[PDB]
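The structure appears right after this line, and notes come after that.
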Amino acid sequence: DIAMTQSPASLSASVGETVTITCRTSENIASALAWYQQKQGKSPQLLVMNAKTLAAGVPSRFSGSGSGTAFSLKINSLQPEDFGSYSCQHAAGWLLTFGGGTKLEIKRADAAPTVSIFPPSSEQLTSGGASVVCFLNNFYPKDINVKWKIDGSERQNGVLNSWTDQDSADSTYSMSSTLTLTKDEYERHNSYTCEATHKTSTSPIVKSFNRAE
Amino acid sequence: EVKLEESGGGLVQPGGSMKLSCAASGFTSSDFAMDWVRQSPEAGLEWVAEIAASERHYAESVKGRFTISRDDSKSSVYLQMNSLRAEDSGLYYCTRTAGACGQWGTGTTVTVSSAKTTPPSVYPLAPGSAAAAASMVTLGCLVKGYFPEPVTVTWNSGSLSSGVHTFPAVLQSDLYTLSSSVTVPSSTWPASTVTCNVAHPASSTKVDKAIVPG
Amino acid sequence: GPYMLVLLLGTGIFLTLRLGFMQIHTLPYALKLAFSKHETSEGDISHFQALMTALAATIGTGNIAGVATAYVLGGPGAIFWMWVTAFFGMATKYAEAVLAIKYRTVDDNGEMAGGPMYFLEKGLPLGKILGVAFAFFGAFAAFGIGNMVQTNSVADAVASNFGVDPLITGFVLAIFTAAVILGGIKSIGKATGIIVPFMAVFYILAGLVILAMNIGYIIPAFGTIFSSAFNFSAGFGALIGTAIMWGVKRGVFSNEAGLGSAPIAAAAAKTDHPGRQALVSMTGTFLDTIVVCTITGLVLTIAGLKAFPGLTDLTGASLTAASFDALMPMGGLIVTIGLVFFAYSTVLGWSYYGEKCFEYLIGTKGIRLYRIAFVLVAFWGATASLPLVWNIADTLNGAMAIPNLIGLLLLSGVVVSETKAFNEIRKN
């Protein structure tokens, strides 16, 4: 088996700059290295074939080079449309392998989240469960910390977090933190709180509600 | 131009079997050697099988458990999988090979799990009574307790397409949970009704939940 | 590993220097002699019948599809480096045929058994050790390049184009293989004598037909080949792996320069001296690479010079057929037809090539076993799945390659002396 290791595993590029991506493999493979680009809900798209040769219909900003034991994929003047995962593949034999992948994301001016918190539904309760939902929308950068406080005391576990892919339009992330409890446990406490800590503000964004309403 | 449409994906228990299909068109299936490539839910991208018109080669991981075949008369390629494992889960892609994988397929999805298909429960997310009554209100839909993937969520039957966020499902012990958020002006809601349209194909369930304040 | 190719070509440089570029001057005369009319002086079959036997083995799917594999992976410049393989290889094939004179005929009729394993016996005894090694390799190596590669390529190619060809193509190839090689080499010379020229003239004319219809593209097609092969734009001699390695590796496959699997047929010739037959043998490369392969390479580049849709990702045998069908009305049918005879030719010759090296080990006791095995393995090769068969073939050929090359290096003095005898006979 030939192992191809790609670096960097993920990067964020300020739009309009130039970036260089690397696919490095265990053993010499001459010029039999190919590059693809994949987007959400899509198959990989061939960008560069046989190390340096150019595929038709793919913009000239993409360029690839190297042979043997060092390969680099070079993009000049990035654009937001280049957001995706970039993978490398080698044609050594017939069992063509692939790289772990490199995630390309976009840099934008920092933006603060839009926090919203929701108490459990009346329907969920009659079904024997209670889920508390916190929505953190349209924020950049992705690095965010969400803290759940029940009656002033932090809750470490029981939290489900999910993130969206970078937004196509405004390059902003969003996430949902869902805290799940049984009905009986939910009814034991009075105050549920969502604390979002972001680089945008020294003081966190706090939203909470009391069950006694 | 060239057409590659995969089909036959589904949910199969471990140890089970199924065969995929890749109806091809726009060129000569007979002249070209074809490949099967699969991508795991974590963007793995792993090679599976090779075939030309006579002889075939297989990856060591699947040797003896996969059978690749071809039917140049019906311009379709097959991949027969048996004694399936959990690791076989992924998107199976059809493609034609030489040195680079230029023309790819749509992809079809295989899920290998002992889990049982279960319809979702849809609960509405509406703000608490003592909300700050800001210029814009944010509402939500919570879709939980469903297997297998996927679910399709639309707001007001597609009338609300801007300002919606549907978050990727998260799997916890045999079941999936998903939430979606919509943002509308406070003038509209509750004056204009806002509804959640959730559909789970595997369970043949379609439900609508109307967001009503508390 | 592939150091042997640097070794193999190194002899080609070496012998050409020691033999002072003999090939360029002797080539017309050898061509005149090879196809000359009317000789019977201690031999199994004619000089011509020996060449057609050797050419039958030398001409194989490597001429059709092996070039295509090189053209894609190594670029069009690989053709030029395929040429350098033959040109310098001419001396190598000659030295093989000359030293085949140190041959002693076997029992069970004359039959005669000459080959590199015999040279080694008549070397400076280690030669006994090398010869038994060479036969050990060549007896096996015949099944790969001689049987399995050729029998599989046609079977798959016929199934793609005509599709009524599971094992059926394997069956008829076995029957027609047994019928000819049943009567030993004397029967082979009959079939290879008629088949090869009909095969070569059929293929080569179609290429000249293609060149005639597209005259203007010829010289630029030469240009891209020459512009490539010497394209150092990328990498410090990194085209070695791209064009040179694929040109040499695939080139050695088609013309079989120094694998020592050529003169085995040369021995059966009715020759007055080694020099008589060794010149006709040296023509084997020229017809394979410079004539047949170059014919095949020229069409491939021309299609690349054109646009033509969908050939961009074609494996090999299908590429040339599609490249032919693109430029000619029935080019696809032509190439697939030639592929049948091209491979069938190589099956018969390589059967004799494998036989004689086999009998060195076991005697004539098992010659029946080798023949029936070759026929059976030919049937299996069409049905069986041998995706990477070329790779193991190249290893066996290289394994075959190592000993004989050492012999040609050590016995360079013998042939150059033996040459100074024959060229003296050439003034009378």
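Chain labels run A, B, ... following the order of the structure tokens; each chain numbers its residues from 1, and ligands are numbered from 1 in the order shown.
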Neighbour list for residue 135 (chain A) as a PyMOL selection string, cut-off 8 Å, only C-alpha atoms, skip fewer than 3 positions in-chain: (chain A and resi 114-117+174-177) or (chain B and resi 181)
Grab the residues selected above and save them as a PDB file, in the first residue's frame with N, CA and C atoms.
```
ATOM      1  N   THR A 114     -25.591  35.190  16.638  1.00  0.00           N
ATOM      2  CA  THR A 114     -26.963  35.595  16.928  1.00  0.00           C
ATOM      3  C   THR A 114     -27.588  34.459  17.734  1.00  0.00           C
ATOM      4  N   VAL A 115     -27.545  34.591  19.061  1.00  0.00           N
ATOM      5  CA  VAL A 115     -27.920  33.514  19.969  1.00  0.00           C
ATOM      6  C   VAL A 115     -29.423  33.535  20.211  1.00  0.00           C
ATOM      7  N   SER A 116     -30.009  32.340  20.224  1.00  0.00           N
ATOM      8  CA  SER A 116     -31.424  32.130  20.476  1.00  0.00           C
ATOM      9  C   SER A 116     -31.553  30.835  21.257  1.00  0.00           C
ATOM     10  N   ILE A 117     -32.436  30.823  22.249  1.00  0.00           N
ATOM     11  CA  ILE A 117     -32.600  29.666  23.121  1.00  0.00           C
ATOM     12  C   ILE A 117     -34.078  29.314  23.179  1.00  0.00           C
ATOM     13  N   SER A 174     -22.503  28.636  11.590  1.00  0.00           N
ATOM     14  CA  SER A 174     -23.635  28.557  12.497  1.00  0.00           C
ATOM     15  C   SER A 174     -23.585  27.197  13.172  1.00  0.00           C
ATOM     16  N   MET A 175     -24.118  27.135  14.390  1.00  0.00           N
ATOM     17  CA  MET A 175     -24.110  25.891  15.137  1.00  0.00           C
ATOM     18  C   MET A 175     -25.346  25.822  16.018  1.00  0.00           C
ATOM     19  N   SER A 176     -25.681  24.597  16.417  1.00  0.00           N
ATOM     20  CA  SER A 176     -26.818  24.341  17.288  1.00  0.00           C
ATOM     21  C   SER A 176     -26.353  23.434  18.416  1.00  0.00           C
ATOM     22  N   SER A 177     -26.535  23.885  19.649  1.00  0.00           N
ATOM     23  CA  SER A 177     -26.205  23.097  20.824  1.00  0.00           C
ATOM     24  C   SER A 177     -27.525  22.645  21.421  1.00  0.00           C
TER      25      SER A 177
ATOM     26  N   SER B 181     -33.430  26.102  11.801  1.00  0.00           N
ATOM     27  CA  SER B 181     -33.794  27.421  12.294  1.00  0.00           C
ATOM     28  C   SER B 181     -34.192  28.294  11.117  1.00  0.00           C
TER      29      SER B 181
END
```
Residue 93 (chain A) surroundings by only C-alpha atoms, 10 Å radius, close-in-sequence under 4 positions cut, as number ranges by chain: A: 29, 32, 97; B: 99; C: 387-388, 391
Residues of chain B within 6 Å of chain C, counting only C-alpha atoms - could you list those as an NGL selection string? :B and (30-31 or 53-55 or 98)
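Using only C-alpha atoms, the nearest neighbour of residue 78 (chain A) within the list A:194, A:104, A:58, A:111 is A:104.
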Compute the chain A side of the contact with chain C at 8 Å, counting only C-alpha atoms, and hand it back as a VMD selection string. chain A and resid 30 to 31 66 to 67 93 to 94
Mind listing as number ranges by chain which residues of chain B are within 8 Å of chain A, counting only C-alpha atoms? B: 43-47, 50, 57-59, 93, 99-102, 104-107, 123-130, 138, 165-170, 179, 181
Interatomic distance, CA of residue 58 (chain C) to CA of residue 20 (chain C) (Å, one decimal): 25.3 Å
Near residue 102 (chain A), within 6 Å and counting only C-alpha atoms, which residues show up once chain neighbours fewer than 2 positions away are dropped, as an NGL selection string? :A and (9-10 or 85-86)
Write the residues of the selection above to a file with N, CA and C atoms, as a PDB file, in the first residue's frame.
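Output contents, as saved in part_8.pdb:
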```
ATOM      1  N   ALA A   9      -3.768  19.943   6.771  1.00  0.00           N
ATOM      2  CA  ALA A   9      -5.036  19.222   6.813  1.00  0.00           C
ATOM      3  C   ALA A   9      -6.211  20.148   6.529  1.00  0.00           C
ATOM      4  N   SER A  10      -6.104  21.408   6.937  1.00  0.00           N
ATOM      5  CA  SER A  10      -7.139  22.400   6.694  1.00  0.00           C
ATOM      6  C   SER A  10      -6.501  23.776   6.782  1.00  0.00           C
ATOM      7  N   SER A  85     -13.084  20.541  -0.382  1.00  0.00           N
ATOM      8  CA  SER A  85     -12.014  19.619  -0.011  1.00  0.00           C
ATOM      9  C   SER A  85     -11.210  19.278  -1.257  1.00  0.00           C
ATOM     10  N   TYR A  86      -9.883  19.292  -1.120  1.00  0.00           N
ATOM     11  CA  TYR A  86      -8.950  18.993  -2.201  1.00  0.00           C
ATOM     12  C   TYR A  86      -8.253  17.678  -1.884  1.00  0.00           C
TER      13      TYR A  86
END
```
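Residues lying within 10 Å of residue 348 (chain C), counting only C-alpha atoms and ignoring same-chain neighbours fewer than 6 positions away, are residues 53, 54, 56, 57, 146, 147, 176, 177, 178, 180, 181, 184, 185, 188, 189, 191, 192, 354, 374 and 375 of chain C.
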Might you pull out every residue within 8 Å of residue 136 (chain B), with only C-alpha atoms counted and same-chain residues fewer than 5 positions away left off, and present them as a PDB file with N, CA and C atoms, in the first residue's frame?
```
ATOM      1  N   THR B 183     -35.456  32.504  10.340  1.00  0.00           N
ATOM      2  CA  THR B 183     -35.460  33.849  10.898  1.00  0.00           C
ATOM      3  C   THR B 183     -36.394  34.705  10.059  1.00  0.00           C
ATOM      4  N   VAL B 184     -37.379  35.313  10.711  1.00  0.00           N
ATOM      5  CA  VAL B 184     -38.362  36.153  10.032  1.00  0.00           C
ATOM      6  C   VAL B 184     -38.572  37.418  10.849  1.00  0.00           C
ATOM      7  N   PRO B 185     -39.060  38.482  10.213  1.00  0.00           N
ATOM      8  CA  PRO B 185     -39.318  39.718  10.957  1.00  0.00           C
ATOM      9  C   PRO B 185     -40.407  39.515  12.002  1.00  0.00           C
ATOM     10  N   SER B 186     -40.255  40.206  13.140  1.00  0.00           N
ATOM     11  CA  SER B 186     -41.223  40.083  14.228  1.00  0.00           C
ATOM     12  C   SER B 186     -42.615  40.528  13.792  1.00  0.00           C
TER      13      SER B 186
END
```
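The residue set within 8 Å of residue 23 (chain A), counting only C-alpha atoms and dropping same-chain residues fewer than 2 places from it, reads residues 4, 5, 6, 7, 21, 25, 70, 71, 72, 73, 88 and 99 of chain A.
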Keeping only N, CA and C atoms, write the selected residues as a short mmCIF file (atom, residue, chain, number, x, y, z; two decimals), in the first residue's frame.
```
data_model
loop_
_atom_site.label_atom_id
_atom_site.label_comp_id
_atom_site.auth_asym_id
_atom_site.auth_seq_id
_atom_site.Cartn_x
_atom_site.Cartn_y
_atom_site.Cartn_z
N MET A 4 -0.28 8.35 0.94
CA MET A 4 -0.07 9.73 0.57
C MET A 4 -0.62 10.62 1.67
N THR A 5 0.24 11.47 2.23
CA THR A 5 -0.13 12.35 3.33
C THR A 5 -0.18 13.78 2.81
N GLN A 6 -1.27 14.47 3.10
CA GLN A 6 -1.48 15.82 2.61
C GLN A 6 -1.33 16.81 3.76
N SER A 7 -0.75 17.97 3.45
CA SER A 7 -0.63 19.07 4.38
C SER A 7 -0.87 20.37 3.63
N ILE A 21 -0.87 23.86 -1.71
CA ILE A 21 -1.30 22.64 -1.04
C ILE A 21 -0.35 21.51 -1.43
N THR A 25 3.85 11.42 -0.44
CA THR A 25 3.57 9.99 -0.38
C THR A 25 4.82 9.19 -0.03
N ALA A 70 7.95 14.84 -3.89
CA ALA A 70 7.40 16.11 -3.42
C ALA A 70 6.39 16.63 -4.44
N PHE A 71 5.12 16.76 -4.04
CA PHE A 71 4.09 17.33 -4.91
C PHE A 71 3.44 18.53 -4.24
N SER A 72 3.09 19.52 -5.05
CA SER A 72 2.44 20.73 -4.58
C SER A 72 1.37 21.14 -5.57
N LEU A 73 0.22 21.54 -5.05
CA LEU A 73 -0.86 22.09 -5.86
C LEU A 73 -0.97 23.57 -5.52
N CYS A 88 -5.85 14.21 -3.36
CA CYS A 88 -4.84 13.76 -4.30
C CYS A 88 -4.94 12.25 -4.46
N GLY A 99 -5.51 10.70 -0.78
CA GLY A 99 -5.05 11.36 0.42
C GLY A 99 -6.17 11.56 1.42
#
```
